[PDB]
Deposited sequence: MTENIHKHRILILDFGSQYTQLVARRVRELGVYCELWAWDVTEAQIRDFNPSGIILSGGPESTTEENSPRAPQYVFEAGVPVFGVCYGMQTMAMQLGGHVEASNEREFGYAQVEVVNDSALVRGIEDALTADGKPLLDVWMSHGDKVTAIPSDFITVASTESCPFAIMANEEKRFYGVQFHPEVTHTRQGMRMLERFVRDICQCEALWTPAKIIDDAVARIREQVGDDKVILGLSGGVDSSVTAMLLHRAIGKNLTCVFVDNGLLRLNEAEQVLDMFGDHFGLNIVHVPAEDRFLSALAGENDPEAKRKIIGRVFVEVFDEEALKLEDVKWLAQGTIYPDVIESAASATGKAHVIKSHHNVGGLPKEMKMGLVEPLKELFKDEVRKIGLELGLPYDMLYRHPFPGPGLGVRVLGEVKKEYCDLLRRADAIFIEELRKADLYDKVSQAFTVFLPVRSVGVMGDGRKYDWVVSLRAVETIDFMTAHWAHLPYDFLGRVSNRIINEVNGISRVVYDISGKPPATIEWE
């Protein structure tokens, strides 16, 4: 009945969708872990998985140096699901044949189900002209599975792929050549569920409410009646951590909030108000705007500024951490993605969770929706949003302008449309407004992206009229700003942030 009882082991062969697969299983209410393919029978059997999923991977199975699944995987006695590369490698290691091809395929297709299988019985999206089941899927196949292991049957086929789905109903081995984890596969979720809950027989115990109970229980057994310290950044991870700890150990939790004077408009106030006033947490608020600024004085180098900011934060925190008596633990908002890729113990209650799961438990814990589902803010904050040397004047101008930008983005039902959106301050002067009495004022640049790939972002084609409303506002109401420009650079060639 422990929520980790039934679990899925997912072996990563390098696909870009592997974390997506793991996240989907979590969404279905089943715990799972994601490991690299190069493991041992020892590890695997130590884990004791209810079922194993082999992901996709860019490499070719026809290669001599190409990755394979540990033979124990197929000997463990639990269902296995191969996705693309996982399906190819499954064929290889079991008797099938595969040969390479220069041109690869990746896109929507409709496959026809020609045989009954536990995995897809009753799951059909469309019908052929003669009433045969078709599944709309998101294909992905490089190598050519020319033959499958003798034990298997052909479950589904399509023009560009005769073995679109293969299965061994007795051994419970299934392989597909499309991605069920991508929404393009219309009934993909339903296929993953079929395997995880029906075939592997896992109950849906991994739900936000149960995750919270388990976390609280664990924090209690680890920390007992000891005191814990935690740095509150105002961000998502540390905020949810603060709530979990507050729930588990109450008055033994002390939080430290360092105000470096590099945060957004009203950010410091809202953080202390919500946490200290509304929730009643004990917060040590350090007003260090001066300490950070004086340490940044005359520094134009971005590498340098970041280092300075990071160093001074540790000095301030360590100082405070030393003023507290009987503190035996440091709490941290570490999340699973981080794990995947004085002398105080370390408490990390979010360690097994994906960002999306953290938002869900955050809500259940009573945190505001808007704070949890907002765009990320860098660690150095406005320290890198201000090009060159950082002065208070600039930061004050910047947060006012960025506030207006964000206000209008949410108001224009556009905030959820962009992956990230910020304002950069340009240390240059141009002809200004007739009210400020300033001939020349400072300049700012808006930056909205659409991170298509983890390494490839697109510059947001924000509506012209929208941009014009924004531009007018920032120049009119934010005294000290003459004009506004918009970043029309993608990644590549440019980077998302300027520094």
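In this entry, the deposited residues absent from the coordinate set span 1-2, 344-367.
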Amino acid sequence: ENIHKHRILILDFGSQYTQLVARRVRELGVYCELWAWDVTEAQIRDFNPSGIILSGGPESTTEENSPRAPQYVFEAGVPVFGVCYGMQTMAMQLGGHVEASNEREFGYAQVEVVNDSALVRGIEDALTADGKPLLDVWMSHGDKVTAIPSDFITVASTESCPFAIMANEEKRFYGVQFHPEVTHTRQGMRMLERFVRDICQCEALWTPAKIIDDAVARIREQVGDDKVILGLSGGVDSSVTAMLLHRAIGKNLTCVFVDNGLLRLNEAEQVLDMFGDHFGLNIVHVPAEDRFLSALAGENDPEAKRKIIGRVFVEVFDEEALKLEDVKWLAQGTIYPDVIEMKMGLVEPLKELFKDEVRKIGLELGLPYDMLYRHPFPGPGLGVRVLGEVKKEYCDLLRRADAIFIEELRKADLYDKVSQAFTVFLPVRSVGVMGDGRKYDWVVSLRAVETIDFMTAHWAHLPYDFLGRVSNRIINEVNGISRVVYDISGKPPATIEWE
From here on, numbers count along this sequence of modelled residues.
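In this crystal structure, the stretch out of 273-281 and 389-397 whose C-alpha atoms carry the higher mean B factor is 389-397. The mean Cα B-factor in the deposited entry runs higher for 442-450 than for the other of 44-52 and 442-450. Among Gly96, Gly77, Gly261, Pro133, the highest C-alpha B-factor recorded in the PDB entry belongs to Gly96. Per the deposited record, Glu105 carries the highest C-alpha B-factor of all listed residues (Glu105, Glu193, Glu112, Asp116).
Looking at the C-alpha B-factors along this chain, the one for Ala36 belongs to the middle third.
Annotation for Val339: CA B-factor lies in the middle third of the chain's modelled residues. In the deposited entry, the Cα temperature factor of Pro380 places it in the middle third of its chain's modelled residues. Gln71: CA B factor in the highest third of modelled residues in this chain (values from the PDB entry). Annotation for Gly298: C-alpha temperature factor in the highest third relative to the rest of the modelled chain, per the entry.
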